[PDB]
Amino acid sequence: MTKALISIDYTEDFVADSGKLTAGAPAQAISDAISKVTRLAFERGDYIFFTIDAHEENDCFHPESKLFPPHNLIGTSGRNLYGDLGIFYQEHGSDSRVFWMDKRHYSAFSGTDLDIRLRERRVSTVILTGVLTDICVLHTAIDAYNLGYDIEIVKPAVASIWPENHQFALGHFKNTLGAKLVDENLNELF
Amino acid sequence: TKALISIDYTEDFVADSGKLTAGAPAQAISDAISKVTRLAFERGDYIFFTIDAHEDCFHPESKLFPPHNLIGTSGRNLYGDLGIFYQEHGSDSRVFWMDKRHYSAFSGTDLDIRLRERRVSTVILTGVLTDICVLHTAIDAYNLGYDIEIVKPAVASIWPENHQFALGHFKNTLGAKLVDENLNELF
Amino acid sequence: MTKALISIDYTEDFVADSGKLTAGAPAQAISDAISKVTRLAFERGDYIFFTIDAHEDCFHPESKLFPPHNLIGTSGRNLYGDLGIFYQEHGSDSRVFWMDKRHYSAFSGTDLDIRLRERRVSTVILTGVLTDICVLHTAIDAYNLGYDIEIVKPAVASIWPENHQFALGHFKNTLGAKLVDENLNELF
Amino acid sequence: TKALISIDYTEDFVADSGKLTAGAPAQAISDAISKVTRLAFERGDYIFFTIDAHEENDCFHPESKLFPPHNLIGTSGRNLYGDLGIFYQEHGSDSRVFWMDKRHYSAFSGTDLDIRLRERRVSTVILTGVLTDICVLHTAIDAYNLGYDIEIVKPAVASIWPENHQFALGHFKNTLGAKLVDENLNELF
Ligand SMILES: [Zn+2]
Ligand SMILES: [Zn+2]
Ligand SMILES: [Zn+2]
Ligand SMILES: [Zn+2]
């Protein structure tokens, strides 16, 4: 029954209007659902992992730097969590069940110790939230699948810039990864 | 020197009576997939056939798709001229057959090890399906620091909108180069 | 309560007197204990993974370090002693696996971790040869992958007693492994 | 270009008053480890400091039962010992120098080391630090499985137990096919 909720890249740079790689409106639209579900997961005794892009300026060795403009730079406000989710972190970030995790690839597992931390705790299910549905959420989900985790996707708490991409990703999660789609109350959606 | 990965282009995925057939669009790439494989082989590239090998109540994929590519069945035989190429050159030191259980060609296999032994920097992806075993393989390759090439006329999906999502993902997110059956970049 | 026992390279080439990479007397001495403990684990309901060297290869760094051994399709890959009989009896059981490997570690380039995770196995029990090479590498990989570890002391062996002793110390003190006897009871 | 890995050469592992000190043998390599690191840097190599980062009362870490508290985040225990420390003050902000926190013994486990190396097409890793038979050994084995050529700087690795140091060196040479080199990065025969 040991579960972990993963909060992926829900920062000012991905969500806010002035954000450097902002998803804009669709990302902002999930603010209430993402904060509610994360607070709920925490209330249920789940582990919470904030897995956040930590980029550097002039990282010529990173293939991502040629693909997107500078975003989520180390030591910038762009890395601040957006909305009430940010308030949640300031309140509960010191709790032994809440984690902040820097990542450099899209997937929350790549080059991090997420798998190690989950295995230490004998977690068998990950609950995915954040942005973008078809990039960092999708990559994290695929890695989770290959690492043998059960997957839940919080449908109203994931978002993409592109609606067709969001739809592809949701279908992929359900039909290919065998993931459970859930709402903000963590109830399965049929 | 690069490596061409041939993903799941078997009877069960391609033939009209295949257990998990992609049908017409998978059949449509037969000429292109075999042309580009022979071409890559001609110019000294390594060839990795990464093929579903299914049996298995502990595999989560059992719930998601009907039995396909079962061991010892003709369903695992490579489709078309690609099977002919393997019959001719499967024993060449640069050609490989790898059994896999997940979608990604890297998951639970020694693909990364074999590529690293040969100091390969670039993988060229062919096969089916674009949005499942090709997409998963591409993403694993990206995370493992490989340069990626996708042979656009040698990948196929059941649904054209999924094939289009995957192609866009390769270019815009993974930084892959889309190439034609002559291994020339597309513009 | 269900665990996995890993049976590492206990084959003719590593054990038999004419073996291509034979560990000789100390490897032969564990034959009774390794078969006893494997049968006990299987009877208990545990999963059994035979993780066996499958060699061919100028590209393999190991080819320069050891003479040819456990070559694919040769008798050097046959399991040694009563262990071979257990495999004849139960090799087709859904709980028993034969796994080819190219590195020393049973995890490296294999699907061992995946198979264990499918089954929610939290504890691996290690047996076989050599204590300081394929058992050590496998133990280290298991540790980094968050498995609890048991080492069957009378069912592991090395060519050199000092290497065998180093490895056993490393398992207990660094990896936090439980050392057990052939009855799967902890040793004190 | 190669990468030199500097493993756990900190106060807690080296200094007389270190919480998990290897003592005199670890102190004895201070000159060699600092010399070889400055040399690798001069030669244009990448330098990775891979340093234990433990927390007090981490009940979920299996290492917590095995050793007393050591290299705690925000303590002096994590300070690089000797001239290596001075080198880090001098060049830590350089593009080729990296500081990597680790929780397991191996420098690769749960880190982005492999990712950073492959971004640079590094094919050979040069290993230094402590302990020879624990964080150096684990790092070497991980490097081997990941297909890296390995160099071990013999006078720049140390263990608390000399027999364990001897086992590890033999293992590197005979099992991993590593090249043993001196503080001048010249092969030892
Ligand atoms: Zn990013
Ligand atoms: Zn399949
Ligand atoms: Zn071998
Ligand atoms: Zn430590």
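Naming: A, B, ... by sequence-line order, numbering from 1 per chain.
Residues passing the side-chain hydrogen bond (donor to acceptor under 3.5 Å, both in side chains) test with A/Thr129: none are found, sequence neighbours excluded.
Contact annotation for residues 104-119 of chain A against chain C (heavy-atom separation below 4.5 Å, listed by residue number): A/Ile116, A/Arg119. Of all residues spanning residues 10-28 of chain C, none has a heavy atom less than 4.5 Å away from chain A's heavy atoms. Residues of residues 77-92 of chain A never come closer than 4.5 Å to chain C when only heavy atoms are counted.
No more than 12 heavy atoms of other residues, nucleotides or ligands shown are found within 6.0 angstrom of CH2 on C/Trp160.
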